[PDB]
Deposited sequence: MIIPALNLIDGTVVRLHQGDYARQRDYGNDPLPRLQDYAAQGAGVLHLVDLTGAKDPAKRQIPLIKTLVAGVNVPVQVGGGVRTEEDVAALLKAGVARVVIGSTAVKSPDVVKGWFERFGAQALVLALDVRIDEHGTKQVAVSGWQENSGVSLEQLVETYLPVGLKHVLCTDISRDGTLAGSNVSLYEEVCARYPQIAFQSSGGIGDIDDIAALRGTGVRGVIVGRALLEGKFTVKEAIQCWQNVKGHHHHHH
């Protein structure tokens, strides 16, 4: 599947900061109209300040489309997860907290179930060739590999992993083969339609596409047609 994505700040569509308007819902609806089966939202406001998580906007956006939406952005507590699910999102995306407090997040897998959670890992390949997990592009490696972290969560049913390279096709070929029971999502690196063709057959289950759609390089419809071949 293709997974079209938007980043939101105070109701505004942005790309990291370029502004793309205050009307996210017509965009999402047209992404769905073209055949998308899943949408992806990052709440940058909420990531910066969990008091200001855009629950009301997200409720509206989810109600306005007919496909599952996965939503992340500084999810830190059990309460955050439950509030997003209650507002109707299909899956909550968890990056930083999943690296920081794995035993606590394993509890969340037990409470909400693996179908409701996506583990998001920022990865950079270090000089030693190791796929290191980092909590963001602005901070050093955490001293845990992709493999270690994935294997920490497998005993509680881990199913969905979102993997971004922030240091390439080879990466995804390798991790998808090693964990065939996990559905990996690629994120970043899509500059034109050929980057999508390049991911076909790697074993990646979902391709997240953000900026390229906003900049008009191709449509969701063309991306799906290339993806499905």
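Enquirer: What portions of the deposited sequence, indexed from 1, have no corresponding C-alpha atom in the structure?
Expert: Residues lacking C-alpha coordinates: 17 to 23, 175 to 182, 245 to 253.
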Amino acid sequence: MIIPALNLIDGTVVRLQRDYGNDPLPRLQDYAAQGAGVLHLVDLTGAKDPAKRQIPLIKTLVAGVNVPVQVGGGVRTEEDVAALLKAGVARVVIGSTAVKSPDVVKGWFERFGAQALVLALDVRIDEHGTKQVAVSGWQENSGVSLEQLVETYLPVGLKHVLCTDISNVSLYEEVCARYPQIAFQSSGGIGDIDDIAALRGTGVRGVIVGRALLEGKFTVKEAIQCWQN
From here on, numbers count along this sequence of modelled residues.
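Enquirer: In the PDB record, does 122 to 130 or 142 to 150 carry the higher mean Cα temperature factor?
Expert: Looking at the record's C-alpha B-factors, the answer is 122 to 130.
Enquirer: Averaging the C-alpha B factors as listed in the entry, name the stretch that ends up higher: 132 to 140 or 89 to 97.
Expert: Stretch with the higher mean C-alpha B-factor: 132 to 140.
Enquirer: Between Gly35, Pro68, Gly64, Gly191, which one tops the list for Cα B-factor in this entry?
Expert: When the deposited C-alpha B-factors of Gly35, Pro68, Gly64, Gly191 are compared, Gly191 is largest.
Enquirer: Go through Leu162, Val204, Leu28, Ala198 one by one and give the residue whose Cα B-factor in the PDB entry is largest.
Expert: If I rank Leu162, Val204, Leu28, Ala198 by C-alpha B-factor, first place goes to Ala198.
Enquirer: Place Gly216 in the lowest, middle or highest third of its chain's C-alpha B-factors, as listed in the PDB entry.
Expert: For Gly216, whose C-alpha B-factor we compare with every modelled residue in the chain, the answer is the middle third.
Enquirer: By the record's CA B-factor, is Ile58 among the lowest, middle or highest third of residues in the chain?
Expert: CA B-factor rank for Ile58: middle third.
Enquirer: If you rank every modelled residue in this chain by C-alpha B factor, which third holds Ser187: lowest, middle or highest?
Expert: Middle third - that is where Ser187 ends up once the chain's C-alpha B-factors are sorted.
Enquirer: Relative to the other modelled residues in the chain, which third contains the C-alpha temperature factor of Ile9: lowest, middle or highest?
Expert: It falls in the middle third of the chain.
Enquirer: Based on the entry's values, in what third of the chain does the Cα temperature factor of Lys52 lie: lowest, middle or highest?
Expert: Top third by C-alpha B-factor.
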